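Laid out below as structure tokens are two forms of one and the same protein chain, each shown alone and named structure 1 and structure 2.
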Structure 1
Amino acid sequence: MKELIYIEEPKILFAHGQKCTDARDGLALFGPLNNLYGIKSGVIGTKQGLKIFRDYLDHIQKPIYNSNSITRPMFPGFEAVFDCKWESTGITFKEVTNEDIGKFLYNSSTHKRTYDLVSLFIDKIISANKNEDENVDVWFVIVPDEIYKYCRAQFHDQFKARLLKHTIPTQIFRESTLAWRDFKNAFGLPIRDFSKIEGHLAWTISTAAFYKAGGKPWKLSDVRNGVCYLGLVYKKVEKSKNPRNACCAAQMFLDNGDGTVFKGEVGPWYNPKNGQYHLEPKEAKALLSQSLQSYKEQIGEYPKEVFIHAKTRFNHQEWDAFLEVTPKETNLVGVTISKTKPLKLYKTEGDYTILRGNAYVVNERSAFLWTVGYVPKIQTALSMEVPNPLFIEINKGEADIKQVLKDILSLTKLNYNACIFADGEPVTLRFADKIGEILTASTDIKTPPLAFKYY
């Protein structure tokens, strides 16, 4: 009998001053906000690394019409939807033979072989970036199946961590992913078969690769001015360094004139040493005193109200430290996000589960919201089975729970890394997780870059 308040879909803004609700269908008709001319890509891998990449990419410029769907049965060509030309021409290739990578494949020590695998990969990248007159835009690393099947800490985390000092955006693929037809499961069809979803599969590669190189594919439209979105995740470090050490990541959603700035403040804070996910007052002020200045040097003022996010609820110890370094016109407020309330909702008719966006409010402080479900714009469920509703409650300070719930929705819509209709969590935490994931792989990073293209 308890009513559920429906939150209208967060509204994203496109180029030409044009405005569409969905992103990937909006990106099908209309294009990016910024024009990037071409993309001077680079490819590093084995001899077959090119052939899988050249055949795939040279197949990806044409319109690959996705088949047997109403959700997203199309892809209207790369350059047509992006107004940027980038193809097999301009592919700068560095060769990693099979022998040298093979000699690093059969090592027993996993720690050194993971570090050696990335060392040979990036040393070609670093040398090519510096000691080559031809300018690359972003690299596309290709590794074969046996590499991570045998050697794999995490190779992906180690790879991105070591390149942050040189600020060279990259991307990692595999023969299983691109040439899904090449490797075939001998006792059936290919394991990762995605032919039915192949058309909009290419949407994801075509989107992030755009973002890694000056890409501004879509922009938020419902962001109010003067509000700061500070997503604060708590990531742990365990391997080769002390387990009871917690770090932090910080995002931004400021608006300068027109335009949403989405640079991720890193300034990693290894101060928590007790294994608890809380910030000492010494560096607690360091969050805002660095973040607020970034607002000041970008806007020329201080925000009138800041929405700070966290996967873990705060305590009174932090809030006194947070507000004491803020003036009397920038009321702090602490929103905590929790994907741990396994509530489940059902409906009488239809094999379909519940639609997306219908939110239930518990009281003036707490509410439930469904980021995923039976999205109607695609006529199919975003999450096929019953999902977990997000439990968004306001912890410290005061704010209107109606708009906070809307703003959380106003964060899930964009995901430059994933060409999806809607994400299951606000990106001020999702991209916060990736920053913490990568910044923790290497331990000699100082003043790391803030742009998301490097992750």
Structure 2
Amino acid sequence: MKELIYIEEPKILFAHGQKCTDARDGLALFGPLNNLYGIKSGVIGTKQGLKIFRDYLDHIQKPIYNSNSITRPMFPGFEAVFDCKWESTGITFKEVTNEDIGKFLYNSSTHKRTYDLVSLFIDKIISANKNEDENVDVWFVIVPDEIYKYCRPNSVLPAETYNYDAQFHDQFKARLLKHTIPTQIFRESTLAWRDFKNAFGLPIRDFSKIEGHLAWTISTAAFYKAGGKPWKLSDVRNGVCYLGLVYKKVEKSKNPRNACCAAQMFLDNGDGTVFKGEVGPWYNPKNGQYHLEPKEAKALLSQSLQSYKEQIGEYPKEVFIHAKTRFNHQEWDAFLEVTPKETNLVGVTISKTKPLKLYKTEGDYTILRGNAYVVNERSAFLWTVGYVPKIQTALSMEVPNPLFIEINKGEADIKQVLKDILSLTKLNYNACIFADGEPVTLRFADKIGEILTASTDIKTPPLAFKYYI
């Protein structure tokens, strides 16, 4: 038993120097910060893919209706919001012969067919980019649904190139990092789902009242990948640099080799936000140890601090190294070795697998979003999914799980640290949602890690987020 508290809602700075809380309303009211003049696209896939992509592009011309405006806001049109053009006339087509796809389903090995299909697509993409005089921005892929149907690992019949994953999407994105060509992979079922039904008279996937949110998500992603900045934070102070470390298991080698991939964010002195990945994979041959060796710790911290100095000029006064795990004395001392004097070093640990669900005594609706339970000077509980008065709906259908935020090494106030976490959940550019369940400094690090682990032939990988999401 202890009293709760409230941690408000963040503000995000749209065009004209205006403010709001929901990205949808702000974008549909004031407009984006960047003026992209147009978008050029190229579709790879059988003629069915070209037809479906063209129909979807022409579909946004017709009005899109959502069931409820307050619960799920509608889509007021591409050009009416984003101040650009994305039409079905700049489409550049590279047909994939169905015979090539069919003839490749004979090796009966998932790795070989996955590699062969990834090659069959990326070869055409690379050759089109290299040997064609048209200028493109985003490349779209429309995979046949039977390919994904036959890629299930649990399927039975009724070493130079062996270090590759068994997934189409991860490997496909992996082998285009040395060409810097932004790509969006589409499953043919998602675009054309009405024609996909089951033995019940109804579509397999229902988007009837949630077509508007799908249009929002796809439009926002395709705008971000082409060099746009739809919204930006405004309550960020100076001197603060955030890092999020996420550990993985590369496997596909002599040792488990738990790699580490990070992200970085701070202020750029031009009233802008620098949300970029920080990934040169650091590897630990030890199994199960989720702590970095002192050399790796110094390398990671020094690279991040050098990037901060190059962007601004002087080192930060406060760095928050977020992680999903705890830390040990040797790693923190290794951080302290390279860290300057007037540079406070604070460690934060965030967890969700803590059984504590609050049931409302009076009503049946869920708990308020921004509530908190301050356990102690060095720990507190933050709710990020639930009921928001602006949308008048519940983020999670059931009783949501809170977040167990604790500070491990260093000293920092336990409400400012919790307010920054809630303030960092408004910059998820992959999806158009009011809020997420994790700070993005620990969310996009996972995607960065999972992309550049399928292949290990990459030196100095890109840092922009348009080649990863």
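Each form is matched to the other, and the largest set of C-alpha atoms that superpose within 1.5 Å is called the rigid core. By convention here, residues take numbers in order along the sequence of structure 1, the first being 1.
K.L.:
Rigid core as reference, CA moved 2 Å or more between structure 1 and structure 2 - which of 253, 368, 82, 295?
P.N.:
Of all the options, the C-alpha that shifts by at least 2 Å belongs to 253.
K.L.:
Is residue 349 among the residues whose Cα moves by 2 Å or more between structure 1 and structure 2 after superposition of the rigid core?
P.N.:
Comparing the forms between structure 1 and structure 2, which are aligned on their rigid core, residue 349 does shift its C-alpha by 2 Å or more.
K.L.:
Could you tell me whether the Cα atom of residue 321 shifts by at least 2 Å between structure 1 and structure 2 after core superposition?
P.N.:
No; residue 321 is a residue whose C-alpha shifts by less than 2 Å between structure 1 and structure 2 when the cores are overlaid.
K.L.:
Determine whether the C-alpha of residue 38 shifts by 2 Å or more between structure 1 and structure 2 once the rigid core is superposed.
P.N.:
Superposed on the core, residue 38 moves its C-alpha less than 2 Å between structure 1 and structure 2.
K.L.:
Enter the rigid core superposed C-alpha shift of residue 222 between structure 1 and structure 2, rounded to one decimal in Å.
P.N.:
For residue 222, the C-alpha ends up 1.4 Å from its position in the other form.
K.L.:
Report, to one decimal in Å, how far the Cα of residue 240 moves between structure 1 and structure 2 once the rigid core is superposed.
P.N.:
Once the two forms are fitted on their core, the shift reads 5.7 Å.
K.L.:
After fitting the core, how far does the CA of residue 109 move between structure 1 and structure 2, in Å?
P.N.:
Spelling it out: core superposed, C-alpha of residue 109 shifted, distance 0.5 Å.
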